[PDB]
Amino acid sequence: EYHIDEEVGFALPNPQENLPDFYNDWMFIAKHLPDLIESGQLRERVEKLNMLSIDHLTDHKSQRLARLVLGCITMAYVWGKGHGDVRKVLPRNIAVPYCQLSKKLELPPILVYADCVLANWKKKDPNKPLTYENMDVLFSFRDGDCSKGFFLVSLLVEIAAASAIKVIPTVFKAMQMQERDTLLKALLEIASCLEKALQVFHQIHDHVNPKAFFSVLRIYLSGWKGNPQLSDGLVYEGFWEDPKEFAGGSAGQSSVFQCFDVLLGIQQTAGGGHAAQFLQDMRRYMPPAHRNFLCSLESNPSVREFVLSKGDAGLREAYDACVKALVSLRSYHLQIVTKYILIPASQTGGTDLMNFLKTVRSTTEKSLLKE
Ligand code: HEM
Ligand SMILES: NS(=O)(=O)NCCNc1nonc1/C(=N/O)Nc1ccc(F)c(Br)c1
């Protein structure tokens, strides 16, 4: 019911690679975005389409692949070549089906993390394991944007977190059964798997270039909420009356970090600050099943209060290890932002952005029991 895989966690277990033949006009545009943008034929070829209906998309993986295809097409149409020439209105041939599809999956009509990472992958050899060399994305925007490296490294962090996520039922089951040793073991295991996820994060340096990321890829993943280039928003023609605002694709849209914040009693979304508000808004951009999972974790008894009541140095230490793993992940993530956003931007927007991430990191570090 929560749609969480044992192996790949929040990611889609094995994404559908082909659409039905009825939507071959969509798939051809999405498969050839690098050429169609560079040549300048994308906007024209989207302009002259047919309003294809949603009813032939039968199952969930088909509907998700359609969201990814239509999402990638919508980014490249709006942002064009990505040198400031923008379209303020999305044609009703593409906008109506995309909006009707998006209402069915309870997601906004914009490319989200669930599309371009969680559903945008495949294994080359099905009989080999989930490593970077054996994997590839389904869609990219331009040549030399490093879509593969960025989406797959994000995906591999989701996969690393799946080892911790599958232990969560043991944590709550151990608390109700009043089983101290099982709980201690489950927390050390979660801490161990979140420590492993940090090493997976290191691969970002191997497969993504700062200048390629900042110049090319960042422009296509940006949205139309609080954006000067579309201050009113994007007009979805033939569906909504006025231009609607929707935030761009981010890995703040991931459920991984929020999952373990809620599990460990770290009250990020508590208070009325910008950090709390941002993280609560990012839930709207997650699949409904994953929102329901985060709701379910909030509804359960507090792991934090359970551990604090027992006067047990082993349980406190194990709970701290989980918290420390999250702090370390966010601490490393700040370094990435310095390398991949701050330095390229230089060669108070940068200051506020780092203070956001540091507020979230500080809220995490405040939850430690020893310090
Ligand atoms: C080049 C790589 C990366 C850059 C430049 C980057 C940049 C950022 C920025 C600027 C934010 C602030 C929110 C926003 O304005 O959208 C953010 C938030 C976030 N990023 Fe990344 N990021 C990168 C890679 C990753 C990866 C691989 C993950 C893996 C899951 C990740 C997870 C997050 C999360 C969870 C947040 C939400 C804030 C939090 O919970 O601490 N990011 N990122
Ligand atoms: N204008 S801004 O400050 O750069 N805001 C956007 C920042 N976030 C990002 N920009 O570019 N990738 C980002 C990001 N950060 O965690 N994660 C991310 C990871 C995988 C994806 F498929 C997508 Br889509 C986003």
Side-chain angles (χ1 to χ4, degrees), residues 9-11 68 71-72 75 110-121 137 139-141 145-161 194 197-198 200-229 247-262 266 268-269 274-283 285-286 326-345 349-350 352-365:
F10 292 110
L68 175 52
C72 288
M75 294 315 94
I110 183 161
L111 192 72
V112 301
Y113 188 72
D115 305 330
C116 60
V117 179
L118 304 187
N120 184 29
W121 69 277
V137 303
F139 305 94
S140 302
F141 291 112
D145 68 358
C146 300
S147 281
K148 187 188 171 173
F150 185 57
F151 297 155
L152 292 181
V153 166
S154 299
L155 183 68
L156 289 154
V157 171
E158 297 285 320
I159 292 157
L194 293 168
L198 181 64
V200 171
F201 230 114
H202 291 20
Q203 295 184 68
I204 196 83
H205 299 290
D206 298 334
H207 308 305
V208 191
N209 178 254
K211 289 169 178 173
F213 175 86
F214 186 83
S215 301
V216 190
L217 186 53
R218 200 181 102 265
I219 300 296
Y220 294 105
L221 305 174
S222 62
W224 32 93
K225 197 216 178 203
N227 201 319
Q229 295 182 232
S250 187
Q253 297 172 330
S254 177
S255 306
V256 172
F257 280 44
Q258 295 210 43
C259 163
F260 294 99
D261 287 332
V262 172
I266 303 156
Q268 298 283 6
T269 55
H274 180 261
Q277 187 59 47
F278 181 83
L279 294 164
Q280 193 71 58
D281 291 339
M282 290 295 97
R283 298 203 186 180
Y285 298 82
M286 301 172 195
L326 268 172
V327 169
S328 300
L329 283 163
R330 291 193 162 108
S331 289
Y332 194 86
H333 180 262
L334 285 161
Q335 295 179 239
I336 297 311
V337 172
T338 306
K339 176 174 167 173
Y340 286 81
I341 286 176
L342 293 186
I343 289 164
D352 294 332
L353 178 140
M354 297 296 287
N355 290 340
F356 160 78
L357 294 168
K358 285 173 195 183
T359 296
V360 176
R361 197 265 299 278
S362 183
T363 303
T364 313
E365 193 136 40

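The first residue of the sequence shown is numbered 1, and numbering continues consecutively from there. Each ligand, and each atom within it, is numbered from 1 in the order the structure gives. Just so you know, these numbers use all the heavy atoms, side chains as well, and skip hydrogens, waters and symmetry mates.
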Heavy-atom contact under 4.0 Å between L353 and ligand 1?
-> yes
Point-to-point distance, once rounded to the nearest 0.5 Å, from CG of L111 to CG of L68 | 6.5 Å
Does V360 have a heavy atom less than 4.0 Å from any atom of ligand 1?
-> yes
CG of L152 to CD1 of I204: how many Å apart, nearest 0.5 Å?
-> 10.0 Å
Should you measure from each heavy atom of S154, which atoms of ligand 1 turn up under 4.0 Å away?
-> 27 (C)
Take every heavy atom of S154, measure it against each atom of ligand 2, and state whether any distance is under 4.0 Å.
-> yes
Would you mind listing which atoms of ligand 2 come within a distance below 4.0 Å of any non-hydrogen atom of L353?
-> 3 (O)
among protein heavy atoms, the one nearest atom 15 (O) of ligand 1 is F278 CZ, 4.4 Å
Drop me the distance from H205's NE2 to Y340's OH, to the nearest 0.5 angstrom.
-> 5.5 Å
Using a strict cut-off of 4.0 Å, indicate which atoms of ligand 2 neighbour a heavy atom of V117.
-> 20 (C), 21 (C), 22 (F)
What part of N120 sits under 4.0 Å from ligand 2 if we count only heavy atoms: the side chain, the backbone, both or neither?
-> neither
Nearest-0.5 Å distance, OG of residue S140 to CG of residue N120 | 7.5 Å
Closer than 4.0 Å: a protein non-hydrogen atom to atom 7 (C) of ligand 2 = no
Between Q253 and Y113, what is the shortest heavy-atom contact and its length?
-> OE1-N, 2.9 Å
For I341, the ligand 1 atoms with a heavy-atom partner under 4.0 Å come out as 5 (C), 10 (C)
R218 neighbourhood, listing ligand 2 atoms whose heavy-atom distance to it stays under 4.0 Å | 4 (O)
Non-hydrogen atoms of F151 and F141 that approach each other most closely | CZ-CE1, 4.3 Å
Measure across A275 and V360 and return the closest heavy-atom pair with its distance rounded to 0.1 Å.
-> CB-CG2, 4.1 Å
Are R330 and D261 close enough for a salt bridge, meaning some N to O gap below 4.0 Å?
-> yes
May I ask you to check whether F150 and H207 place their ring centres under 6.0 Å from each other?
-> no
Find all atoms of ligand 2 within a distance of less than 4.0 Å from any non-hydrogen atom belonging to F213, and give their numbers and elements.
-> 11 (O), 12 (N)
Should you measure from each heavy atom of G249, which atoms of ligand 2 turn up under 4.0 Å away?
-> 24 (Br), 25 (C)
Can you find a non-hydrogen atom of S250 under 4.0 Å from ligand 2?
-> yes
Is the ring centre of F278 less than 6.0 Å from the ring centre of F356?
-> yes
Which residue holds the protein heavy atom closest to atom 30 (C) of ligand 1, what is that atom called, and what is the gap in Å?
-> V157 CG1, 3.9 Å
Shortest protein contact, atom 13 (C) of ligand 2 (heavy atom only) | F150 CZ, 3.8 Å
Measuring from the heavy atoms of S254, does anything fall under 4.0 Å of ligand 1?
-> no
Quick one: pull up OG in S154 and CD in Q203 and give me the separation to the nearest 0.5 Å.
-> 11.0 Å
Number of protein N, O or S atoms [distance to atom 21 (Fe) of ligand 1 under 2.8 Å] = 1
Under-4.0 Å heavy-atom contact between protein and atom 15 (N) of ligand 2 | yes
Report yes if some N/O of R330 lies less than 3.5 Å from some N/O of ligand 1; otherwise report no.
-> yes
Would you call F214 a ligand 1 contact, heavy-atom distance under 4.0 Å?
-> no
Check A161 against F260 and note the closest heavy-atom contact, atom names and distance.
-> O-CZ, 4.4 Å
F151: numbered ligand 2 atoms lying under 4.0 Å from its heavy atoms = 21 (C), 22 (F)
Between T364 and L326, what is the shortest heavy-atom contact and its length?
-> CG2-CB, 3.8 Å
